[PDB]
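Engineer: build the 3D model from these lines:
(one chain, ligands or ions: 2)
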Amino acid sequence: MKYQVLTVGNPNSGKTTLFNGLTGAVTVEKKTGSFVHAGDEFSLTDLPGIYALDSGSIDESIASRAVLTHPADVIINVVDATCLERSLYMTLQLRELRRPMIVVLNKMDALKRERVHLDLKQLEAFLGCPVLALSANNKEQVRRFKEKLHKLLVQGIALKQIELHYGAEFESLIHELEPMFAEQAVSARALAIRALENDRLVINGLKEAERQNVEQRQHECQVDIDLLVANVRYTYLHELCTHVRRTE
Ligand SMILES: Nc1nc2c(ncn2[C@@H]2O[C@H](COP(=O)(O)OP(=O)(O)O)[C@@H](O)[C@H]2O)c(=O)[nH]1
Ligand SMILES: [Mg+2]
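Structural biologist: Residues are numbered from 1 along each chain as shown. Ligands and ions are numbered 1, 2, ... in the order given. Sure, structure below:
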């Protein structure tokens, strides 16, 4: 059997380091490669470093493209453990999609020297997805991680969405626009949210009728949408990074 695997992650979180650790040492930095383990093939794509699933540089749009449309049997989220409260922002955006997800915490060797120990399971409950801590430069933990991934892929990932409620005013707006994306390849909720935030990427697949139905909905949120969404996301991220984080 074959497995499409997308390693998306924050820039300088060790994403290319891990890619070369697993496989081996089209213009843009979309580096693909295959390895095999126990009779099952993998197709690893290195999605360029991004902080958000929205649009920016060009590489941003490039990476955002494959996040939403590529067939991916699993999405490995490469997150640097040293700076968690930033890197969890994109991890927060990825869980909304309901795509098969892992949170691979990297630089655990460097995090360990900081006297920062993390409640990886209290973190795991907040996110509702497997959280795997490792050092990518330690190729013993990479050899073991190959087995960790292959078992996860075969059994499937059990996922619970993240309890982000954005205020009942926004939730009413979301539940009106979810009909449009009910079938879609990712969560209808995330696409309705990203349409309310007015992502040009999302609106492209919307007709004039649907575009101007969403355009209506934006002027219904009498509080600034972009400001509101970040406020709720900070609310969740901060109460997360206080609970799971121990420093000595
Ligand atoms: N101390 C430490 N440094 C790491 C670890 N993993 C990656 N790095 C560093 O992260 C740097 C950049 O990673 P890179 O492969 O460029 O990731 P990308 O920028 O997301 O593609 C490398 O030069 C490594 O030195 C780790 O486990 N421990
Ligand atoms: Mg606006």
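Engineer: quick one, longest helix in the chain?
Structural biologist: Identified as the longest helix of the chain according to DSSP state H is helix 225-243.
Engineer: after it, which helix or strand is next?
Structural biologist: Sequence-wise, the next helix or strand downstream of helix 225-243 (DSSP states H and E) is strand 245-247.
Engineer: going along the chain, name the strands of the protein.
Structural biologist: 2-9, 31-37, 40-46, 74-80, 101-106, 116-118, 131-133, 245-247 (DSSP state E).
Engineer: just the residues contacting the last one, thanks.
Structural biologist: Right, the one you point to is strand 245-247. Applying C-beta atoms under 8 Å, 6 or more residues apart in numbering, the contact partners of strand 245-247 are 84, 114-119. Where C-beta positions appear, they are placed from N, C-alpha and C, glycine not excepted.
Engineer: change it to 10 Å
Structural biologist: Residues from elsewhere that reach strand 245-247 (C-beta atoms under 10 Å, 6 or more residues apart in numbering): 84-85, 114-119, 122-123.
Engineer: pull the number of nearby residues for the closest residue in space to residue 3 that isn't next to it in sequence.
Structural biologist: Closest residue to residue 3 apart from its sequence neighbours, by C-beta to C-beta, 6 or more residues apart in numbering: residue 73 at 4.5 Å. Residues within reach of residue 73, counting by other C-beta atoms under 10 Å, total 17.
Engineer: check residue 23 too.
Structural biologist: For residue 23, using other C-beta under 10 Å, the count is 16.
Engineer: what residues does it make contact with?
Structural biologist: Counting by C-beta under 10 Å, 6+ apart, residue 23 has contacts 31-36, 42, 44, 46.
Engineer: how about those in TSV, adding neighbour count?
Structural biologist: Formatted as TSV, the contacts of residue 23 follow (neighbours: other C-beta atoms under 10 Å):
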residue	neighbour count
31	17
32	11
33	14
34	14
35	13
36	9
42	22
44	19
46	22
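Engineer: and this structure, what are its domains?
Structural biologist: 2-155, 168-236 (automatic domain parsing).
Engineer: could I get those as CSV with distance to residue 245?
Structural biologist: Listed next are these as CSV, based on distance: least, C-beta to C-beta, whole Å:
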stretch, distance to residue 245
domain 2-155, 6
domain 168-236, 15
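Engineer: most tightly surrounded among the ones you listed?
Structural biologist: Ranked by mean neighbour count, the domains of the chain are led by domain 2-155 with a mean of 17 (mean count of other C-beta atoms under 10 Å).
Engineer: how far off centre is that domain?
Structural biologist: Relative to the centre of its chain, domain 2-155 is centred 8 Å away, using C-alpha atoms, centre = their mean, to the nearest Å.
Engineer: quick one: terminal-to-terminal distance for it?
Structural biologist: Domain 2-155 has an end-to-end distance of 14 Å (C-alpha to C-alpha, to the nearest Å).
Engineer: that domain vs ligand 1: in contact?
Structural biologist: Yes - counting by C-beta under 6 Å from any ligand atom, ligand 1 has neighbours in domain 2-155: 9, 11-17, 49, 106-107, 109-110, 135-137.
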